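Working notes, structure below.
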Ligand SMILES: CC(C)CCC[C@@H](C)[C@H]1CC[C@H]2[C@@H]3CC=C4C[C@@H](O)CC[C@]4(C)[C@H]3CC[C@]12C
Ligand SMILES: Oc1ccc([C@H]2CNCCc3c2cc(O)c(O)c3Cl)cc1
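Chains as they are written, first to last, in the deposited numbering: chain B, 1 to 340; chain R, 20 to 165, 185 to 237, 263 to 298, 307 to 344; chain A, 11 to 63, 205 to 255, 263 to 394; chain G, 5 to 62; chain N, 1 to 128.
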């Protein structure tokens with residue numbers, strides 16, 4: 001008798017219990033310890049290397065483990081793989097579809113991913129012996145736009161797409177091994193922990209859900225935001241992660257705490273974030289707001305360590321190397337400014 | 020330095036404002052890339068370049084000459100004349116080709132983006148520059164002219199001012215009066231959709272006001288000199312008032328960054344620089 | 011060595027730069043188009059009536216040596232707040248509106271709120287919208303027969319008359335003209351509500367004749383880049 | 005209505021799975037993050053100003 | 001946690017009055033373009049009314065234009081929908097569909113179900 005009503009009432013009671021359990025272990029906040037650590041200061045970073053080769057707006061990028069080559073996607077049908085050290089476009093992949101929204105550099109530098117409104121996550125071989133690059137595998141299992149994707153190895157990658165479901169793909173068989181379902185809004189981004197065993201994924205329903213790559217289920221759910229979580233990136237520690245949504249406020253959640261630690265709010269900004277990643281130490285949170293600027297926030301002092309000039313359009317993608325050497329920001333002006 | 024100090028200060032302020040605007044546009048186009056990757060601004064860059072030139076190798080000599088009546092660098096004066104022409108018509112040509120560019124950007128934008136590639140823009144800029152060179156640097160070695187303030191040969195001065203100003207301003211009038219007809223056609227289409235949404264001349268006069276600055280100011284500065292430049296050998308005009316109109320012609324070069332680099336793309340770069 | 015691999019890298023970068031400079035002219039020539047609607051509003055008929063032509208994602212045509220990239224989204228999900236931001240460098244957002252499906263749900267209002275979301279978007283505010291009032295032939299028998307009246311879905315139609323700048327069709331009753339042009343003026347009300355000048359709506363009626371429709375897109379896109387260049391030079 | 009039934013069923017199952025987890029104190033989590041930061045701050049090129057000697061960008 | 005509880009509604013006589021109170025907790029109510037979107041039984045979700053971030057850009061759909069009245073209250077973070085002169089066609093489940101992004105005027109909640117910021121809804125039905 002009225003299974004929907006009673007089951008939704010039970011779900012609301014469970015959500016209230018989750019909130020009470022979160023506030024029970026929340027007797028303080030991350031700000032209560034800012035008096036113990038010293039800030040970094042207003043560090044103004046300049047563009048050491050600029051990458052002006054794209055024909056359309058740059059929507060996605062990703063860094064390699066070598067911290068030298070970086071891939072970037074734009075709506076011109078081209079995928080440009082630059083060498084950030086000497087400023088040379090190592091590769092130019094002609095994409096099947098112009099509008100692409102995701103980028104993922106393989107942990108071995110041998111593969112790369114794509115995807116957009118075509119709903120196809122075209123993998124490409126980088127160090128292939130055939131000379132130019134070619135399509136490695138056409139991952140066609142998503143009913144919506146491919147928002148973001150990450151690489152786990154040269155065999156399996158994960159893709160968070162706009163079909164409210166993430167999928168751990170497999171480059172060998174070309175089929176989804178597991179499918180992470182549970183998001184109510186179209187997913188917008190995702191990130192992998194340094195351990196690579198579990199990954200977090202931010203969607204448009206303000207839910208930064210944490211899934212486990214081994215079991216394929218939903219480990220934790222972080223509904224602490226207020227709008228579409230356009231960007232999300234796991235802390236270098238592996239137990240926390242920052243999330244930049246459309247509400248112009250970034251939120252730092254923690255896995256073991258299962259709640260929000262800090263809110264990087266500011267009255268001067270009213271436009272949401274679309275690109276977020278952490279530095280090598282995680283103290284600096286690079287957040288690409290929609291105001292043509294990028295804010296380096298002090299992830300432990302709850303204040304912005306510096307605003308970046310440069311980009312004239314919306315900065316849509318951001319990437320910090322695995323050693324934190326330099327942060328590459330790609331905006332909608334077909335430019336990639338590499339700050340350091 | 021009592022009654023000439025006022026005109027000396029005015030001339031120095033004019034040349035300094037010219038050089039300031041010119042260096043501003045040049046820095047905005049060499050440091051920023053959103054003002055150099057767009058093809059429509061390419062010609063404008065060339066204008067600024069020519070403007071830069073007239074600010075570094077034309078204006079200072081005539082300025083230091085007019086403040087005292089004498090003339091330094093006598094043996095180069097003829098060359099300076101060439102330099103002056105090598106800048107002035109160039110600017111005009113640049114101005115002209117800019118209008119031409121704008122014409123292609125308004126008449127047939129699709130054929131403009133298809134044909135007038137940045138390579139074709141470079142070709143057109145080079146064509147304007149070599150036209151200015153052959154109308155300036157070639158006749159100076161053959162001495163087609165007539185302290186150095188003498189008149190020019192009517193066989194060349196008429197043939198130059200036509201190629202320097204009259205033929206460009208003829209194309210510049212046509213291309214801008216064709217733009218006005220097309221802009222009014224779009225304004226009529228805009229009003230046909232805007233008024234129907236509400237169910263006028265304020266926006267219809269914005270293009271007329273803009274054309275009054277991008278073309279009217281260019282005419283009101285260069286034409287009052289070129290009407291004398293065509294009748295000074297054909298006579307009329309004195310020597311103490313002709314140079315004032317020459318400086319009045321160079322006044323358009325002072326307002327060229329204020330006219331063409333006034334767009335929001337160039338305004339944002341000037342605020343940071 | 012010191013320059014052995016760097017010279018090869020620079021040669022590859024030069025080749026990539028040549029390829030990108032060759033493709034930049036193409037990207038500037040192929041004016042991308044966003045084809046969308048409030049659902050089954052006749053976009054499939056627009057794709058069918060376009061050069062007589205992996206499901207339905209992108210269709211390309213070419214008129215007067217001017218190619219276009221009409222991207223359809225008939226395979227995306229319901230929510231449009233994110234994948235529509237990818238059409239920020241797009242030339243024209245062709246909004247195929249069903250001018251007769253206002254009865255069914264109120265698909266007309268569904269298109270208005272989407273057009274209002276496209277107009278007032280932070281990224282689609284610099285892109286014009288080619289308003290394609292599809293199913294105009296269906297609208298002819300929808301309002302005259304009394305089966306579907308704008309009054310049941312819009313009260314402003316009662317206080318609305320045919321504008322003086324209307325272009326009637328031979329064999330079309332003024333009640334249809336008053337109804338059809340109300341759909342245009344209703345979208346144009348949202349189009350002129352912003353008044354930013356960076357983008358204007360282009361209302362056009364289609365689906366009545368099976369003639370070439372890509373000309374209606376070419377002639378609109380020509381005026382789109384015209385007013386885009388006019389606004390660039392402050393001539394509009 | 006079976007679609008919404010299954011959706012709410014999966015939702016309440018995810019809520020039950022998230023309820024039986026080990027939620028540590030926010031103070032311990034903040035201390036762990038601060039310790040990781042202070043242990044990785046001396047080698048982070050973005051936090052501390054890195055000279056052009058070892059930095060391959062400046 | 002972004003949650004919207006739309007209390008009120010019920011079985012009322014057509015042509016009377018009703019008040020739907022959307023308690024919207026979990027976000028800054030004074031920054032999102034709150035709006036009401038109804039779904040008729042058997043039909044898709046149809047946008048009903050909308051209000052700006054402060055209360056200036058007030059708009060309703062043609063089916064309820066002039067009859068309904070939307071009003072935001074940023075002091076208590078509540079959206080009120082006063083339905084006047086009810087219609088037999090107004091029987092539907094009304095959701096407190098929030099605008100996706102704050103400080104903007106574009107809302108994409110007019111789409112189909114499974115929307116992010118959309119409450120449980122209130123089955124506002126009319127009598128016969
Ligand atoms: C002695 C005189 C006649 C020399 C002539 C100067 C002319 C030919 C030179 C001087 C400065 C030059 C410009 C400098 C910079 C650029 C930007 C580049 O992206 C395209 C070419 C362009 C726009 C050049 C075109 C040619 C140019 C205008
Ligand atoms: O005695 C002289 C008087 C005037 C001039 C310059 C004046 N400054 C503008 C350039 C110019 C001149 C003369 C021309 O005949 C001409 O066609 C041009 Cl464009 C030179 C020597």
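Yeah, the Cβ is synthetic: ideal placement off N, Cα and C, and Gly gets one too.
Problem set entry | Coarse secondary structure for residue 4/G, derived from DSSP in three states | Given that chain G is displayed from residue 5 to residue 62, the structure contains no residue 4/G and the question cannot be resolved.
For this session: Count the other C-beta atoms from every protein chain shown that fall within 10 angstroms of the C-beta of residue 32/B, then say buried if there are 16 or more, exposed otherwise.
Result: exposed
Exercise. With respect to 7 Å, is the separation between the Cβ of residue 297/R and the closest non-hydrogen atom of ligand 2 below this value?
Worked result: no
Problem set entry | the stretch 46-57 of chain G in contact with the stretch 249-266 of chain B per 3-pair CB rule at 8 Å | no
Exercise. In or out: residue 6/G buried (at least 16 other Cβ within 10 Å) or exposed?
Worked result: exposed
For this session: Under 7 Å between beta-carbons, which chain A residues line up against residue 270/R? List them in chain order, please.
Result: 393, 394
For this session: List the whole-angstrom C-beta distance separating residue 43/R from residue 341/R, where the pair is believed to meet the contact cut-off of C-beta under 8 Å.
Result: The Cβ separation is near 6 Å, so the contact holds.
For this session: Identify every residue that forms a DSSP beta bridge with residue 123/N.
Result: For residue 123/N, which the question treats as bridged, DSSP gives the partners 93/N.
Exercise. Quick one, which of 123/N, 116/N, 105/N, 87/N has its alpha-carbon nearest residue 351/A's?
Worked result: Cα-wise, what sits closest to residue 351/A is 105/N.
For this session: For the stretch 149-169 of chain B and the stretch 186-194 of chain B, state whether three or more C-beta atom pairs, one from each stretch, are separated by less than 8 Å.
Result: yes
Problem set entry | Local Cβ density within 10 Å of residue 280/B, reported as buried at 16 or more and exposed below that | Answer is buried; the Cβ neighbour count reaches 16.
Problem set entry | Nearest-angstrom Cα separation, counted from residue 18/N out to residue 113/B | 53 Å
Exercise. Unbroken beta strand (DSSP E) runs of length 3 or more, entirely within the stretch 21-63 of chain A: which are they?
Worked result: 41-46
Exercise. So does residue 190/R have its beta carbon nearer than 7 Å to some heavy atom of ligand 2?
Worked result: Yes, ligand 2 has a heavy atom inside 7 Å of this Cβ.
Problem set entry | Rounded C-alpha distance that separates residue 376/A from residue 383/A | 11 Å
Problem set entry | Residues of its chain near residue 222/B, where Cβ-Cβ distance is below 6 Å and the 5 sequence neighbours each way are ignored | Within the same chain, residue 222/B has close Cβ partners 208, 253.
Exercise. From this set, 207/A, 317/A, 337/A, 233/A, which residue's C-alpha is nearest residue 302/A's C-alpha?
Worked result: 337/A
Problem set entry | Residues within the stretch 24-41 of chain N neighbouring chain B, beta-carbon criterion of under 9 Å | 26, 27, 28, 31, 32
For this session: Compare the C-beta of residue 281/B against all C-beta atoms of chain G and say whether one is closer than 8 Å.
Result: yes
Exercise. Taking the alpha-carbon positions, what's the residue 25/N to residue 278/A distance?
Worked result: Rounded to the nearest angstrom, the two C-alpha atoms are 26 Å apart.
Exercise. If you draw a straight line from the alpha carbon of residue 114/N to that of residue 310/A, how long is it in whole angstroms?
Worked result: 28 Å
Problem set entry | Closest Cα partner of residue 321/B within the set 63/B, 6/B, 55/B | 63/B
For this session: Let me know if residue 24/G comes out buried or exposed under the rule of 16 or more other beta-carbons within 10 Å of its beta-carbon.
Result: Flag for residue 24/G reads exposed.
For this session: Could you say which of 115/R, 297/R, 153/R, 145/R lies nearest to residue 278/R if we only look at CA atoms?
Result: Nearest Cα to residue 278/R within the set 115/R, 297/R, 153/R, 145/R: 115/R.
Exercise. Any beta-carbon of chain R closer than 8 Å to the one on residue 294/A?
Worked result: no
Exercise. Hey, is residue 303/R close to ligand 2, as in C-beta under 7 Å from one of its heavy atoms?
Worked result: For chain R, the structure lists 298 followed at once by 307, and that leaves residue 303/R out of the model.
For this session: Classify residue 389/A as helix, strand or coil using the three-state DSSP reduction.
Result: helix
Problem set entry | Length of the line joining the Cα atoms of residue 158/B and residue 325/R | 59 Å
Problem set entry | Neighbouring residues, chain R, relative to residue 46/B (Cβ below 7 Å) | Result: empty, since nearest Cβ-Cβ is about 12 Å, beyond 7 Å.
Problem set entry | Which listed residue (225/B, 90/B, 57/B, 12/B) has its alpha carbon closest to that of residue 76/B | 57/B
Exercise. What is the DSSP secondary structure of residue 104/N, counted as helix, strand or coil?
Worked result: coil
For this session: Could you list which residues in chain A have their beta carbon closer than 8 Å to that of residue 273/R, in chain order?
Result: 391, 392, 393
Exercise. In three-state terms, what does DSSP make of residue 54/R?
Worked result: coil
Exercise. Identify the residues that DSSP records as bridge partners of residue 303/B: which are they?
Worked result: 298/B
Exercise. Going by the C-beta, is residue 100/R closer than 7 Å to any heavy atom of ligand 1?
Worked result: no
Exercise. Can residue 152/R be considered in contact with ligand 1, in the sense that its beta carbon sits closer than 7 Å to one or more heavy atoms?
Worked result: Yes, the Cβ of residue 152/R comes within 7 Å of a heavy atom of ligand 1.
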